[PDB]
């Protein structure tokens, strides 16, 4: 362990894509895995367990996640930069806590799912969004280190 938020997020999105509508990976998830030197398996036990938690969060809040995601994607002009803004508005507004971290992860993964499922979403949107979410999430790194890492967090 000591895996980055980037690797865990990417392992969740890959895991998710596998579990969803014929299980193929979008080109940009193949790329991110290459460029993020993806060292974590998407079928690893931390990933499978976190997948459960995030999928629950998404269901309890199915409509909010949908609504919020659409408002974002229909209004952004640079998807890349805009991911970084919502991240900061969540996290540097009274510390991070477990739920906000997990609600963000849930949100990114959900976002990824919607993009890779919709066959007509342009490549560049799927691409910048994924890059957008992985880069923003680097900001959780220091704070999850303070807590012993992702594997630790889900262990207790």
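So that the term is clear: the rigid core is the largest set of C-alpha atoms that superpose within 1.5 Å between two forms. Residue numbers count along the first chain shown, from 1.
Using the rigid core for superposition, please say which stretch has the greater CA deviation in 5 other deposited structures of this protein, 57-65 or 22-30.
Evaluated in 5 other deposited structures of this protein, the stretch farther from the shown form is 22-30.
RMS Cα shift after core superposition in 5 other deposited structures of this protein, winner of 85-93 and 127-135:
Clearly, after the core fit, the stretch farther away in 5 other deposited structures of this protein is 85-93.
Report the stretch with the higher mean CA temperature factor, choosing between 64-72 and 106-114 on the basis of the entry.
Going by the record's values, the stretch with the higher mean is 64-72.
Out of 88-96 and 46-54, which stretch has the higher average CA B-factor listed in the record?
Stretch with the greater average CA B-factor: 88-96.
Tell me, please, which of 133, 19, 140, 11 has the highest C-alpha B factor according to the deposited entry?
Spelled out: the listed residue with the top C-alpha B-factor is 19.
CA B-factor ranking of residue 33, expressed as a third of its chain
Its C-alpha B-factor belongs to the middle third of this chain's values.
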